[PDB]
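Take the sequence shown: its position 74, counting from 1, is numbered 77 in the authors' numbering, and each next residue is one higher.
The beta carbon of each residue, even a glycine, is placed where N, CA and C say it ideally should be.
Input: a single structure, listed below in structure tokens.
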Amino acid sequence: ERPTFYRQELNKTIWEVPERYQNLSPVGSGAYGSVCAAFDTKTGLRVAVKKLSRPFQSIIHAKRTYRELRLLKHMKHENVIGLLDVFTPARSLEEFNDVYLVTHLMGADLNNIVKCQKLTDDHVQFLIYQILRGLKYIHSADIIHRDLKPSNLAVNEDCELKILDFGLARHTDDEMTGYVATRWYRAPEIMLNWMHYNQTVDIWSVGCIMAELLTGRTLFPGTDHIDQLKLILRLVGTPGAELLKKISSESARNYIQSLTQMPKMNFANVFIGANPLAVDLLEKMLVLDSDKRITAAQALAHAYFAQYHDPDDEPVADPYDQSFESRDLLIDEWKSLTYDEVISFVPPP
Ligand SMILES: Cc1ccc(C(=O)NC2CC2)cc1-c1ccn2c(C(C)(C)C)nnc2c1
């Protein structure tokens with residue numbers, strides 16, 4: 004009872020997918036893999052199907068395919084994308100060469116819904132509640148998103164949200180360059196490599212996202228890493244002695260110490276007219292010192308989310324074994340591990 008596969012030409016590439024998936028149509032390539040929307044006739048869901056992609060052409064590609072599949076199989080939370088299905092047209096490990104991952108398709112991304120557009124306060128509470136609820140879960144598994152931004156927040160018509168692309172974060176020097184949304188939401192310590200960083204890199208990005216939902220404008224649209232740092236330091240202040248010490252990169256501590264000291268601005272004068280509770284929570288997320296930033300779990304308990312908070316309905320993850328991250332294997336070994344993961348996949352209920 005291996006399903007029946009059929010073949011389509013799409014992206015100018017062959018898709019070979021089980022007959023359960025019908026009406027495939029492109030919703031974009033990437034480098035990465037191609038994504039298609041599809042109707043899953045078995046679940047009644049609209050789904051996103053990602054074909055990787057030369058998955059085992061280098062060690063870097065093989066480890067990455069294994070990582071993504073492992074991450075997706077782990078995640079079981081309403082506000083985190085998980086795996087609905089994984090499949091290969093291949094019948095043996097020897098023939099194994101393509102992986103397709105299937106995922107709920109919420110509908111759009113947040114970026115395409117909200118940008119240039121200011122949201123109502125109740126709409127903001129809901130979206131950020133769900134981002135922190137799914138981040139509490141991800142972080143509890145010891146996973147860092149590292150690249151949270153509106154384009155990887157999948158949102159449906161009812162403003163319900165799942166987080167995409169956690170744990171992968173492997174951008175080139177060039178995708179991060181100049182006046183680009185790829186960098187606007189990243190934590191200063193990660194943008195400028197100040198230190199080996201914690202999970203609160205992600206709470207900095209929620210803060211950037213939240214401020215943009217409230218105001219309709221990017222919070223730190225820097226034209227480059229240094230311009231963006233200056234936008235940052237102008238709002239939150241230059242570091243103190245105490246943070247300067249923790250900046251293990253000697254090079255970066257020397258640069259930042261060159262800067263004219265500036266105090267933290269008043270967030271109620273930047274976020275004029277906003278819910279005081281929204282402003283308070285922004286001041287707790289946008290703290291420069293990552294050791295002092297609010298965590299997803301503490302933030303969910305904040306008064307801003309009184310309507311939505313239910314401490315009994317904010318679950319945590321079973322633990323995630325990333326011991327494989329510090330293992331060097333050969334192509335065929337990553338590939339065989341990936342295959343074991345493809346074949347033991349048990350669909351959700
Ligand atoms: C198919 C797929 C596979 C894995 C991951 C993924 O997140 N992998 C990393 C966590 C390990 C994301 C998607 C995916 C891709 C685009 N999507 C959209 C658009 C088309 C609206 C952007 N909405 N939902 C999605 C979901």
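Taking 8 Å as the upper bound for CB-CB distance, residue 65 and residue 108 are not in contact here, some 27 Å apart. Each residue's CA atom was taken as its position, placing residue 310 and residue 21 some 43 Å apart. Bounds of the beta strand (DSSP E) holding residue 25 are 24-31.
Close CB contacts of residue 246 within its chain, under the 7 Å cut and outside five residues either way in sequence, are with 291, 292 (chain order).
In the same chain as residue 237, and ignoring 5 residues on each side of it, the C-beta atoms closer than 8 Å to its own belong to 265, 268, in chain order.
Here DSSP, grouped into helix, strand and coil, assigns residue 245 to helix. Assigned with DSSP and collapsed to three states, residue 39 falls in strand.
Relative to the non-hydrogen atoms of ligand 1, the Cβ of residue 84 comes within a distance shorter than 7 Å of at least one. DSSP, read as helix, strand or coil, puts residue 336 in helix. Residue 252 is not a Cβ neighbour of residue 201, given a cutoff of 8 Å. With a cut-off of 7 Å, the C-beta of residue 137 is classified as distant from ligand 1, since no heavy atom of the ligand falls inside that distance. With fewer than three CB-CB distances shorter than 8 Å, the stretch 316-328 does not count as touching the stretch 39-54. The straight-line gap separating the alpha-carbon atoms of residue 325 and residue 143 is approximately 13 Å. Contact between residue 55 and residue 41 does not hold, since the beta-carbon distance rounds to 16 Å and is not under 8 Å.
Distance from the C-beta of residue 151 to the nearest heavy atom of ligand 1 is not below 7 Å. Residue 71 has its CB nearer than 7 Å to a heavy atom of ligand 1. DSSP places residue 113 outside any beta strand (DSSP E); the residue lies instead in the alpha helix (DSSP H), whose first and last residues are 113-117.
DSSP links residue 90 through a beta bridge to 103. DSSP assignment within the stretch 145-218 yields the following whole alpha helix (DSSP H) runs of 4 residues or more, N-terminal first: 191-194, 204-218. Residue 50: member of the beta strand (DSSP E) spanning 48-55, first to last residue.
Just measuring C-alpha positions, the residue of 60, 70, 92, 167 sitting nearest residue 8 is 92. Restricting attention to 82, 125, 38, the CA atom closest to the CA of residue 278 is found in 125. DSSP places residue 352 outside any alpha helix (DSSP H), giving it a letter other than H or E. Close CB contacts of residue 38 within its chain, under the 6 Å cut and outside five residues either way in sequence, are with 30, 31, 51, 53 (chain order). Counting only runs of 4 or more residues that sit fully inside the stretch 245-298, the alpha helix (DSSP H) segments are 253-259, 270-273, 279-288, in chain order.
Rounded to whole angstroms, the separation of the alpha carbons of residue 131 and residue 301 is 13 Å.
Closest in C-alpha terms to residue 58, from the list 192, 148, 346, 337, comes 337.
Judged by DSSP secondary structure, residue 10 falls within the beta strand (DSSP E) whose first and last residues are 8-13.
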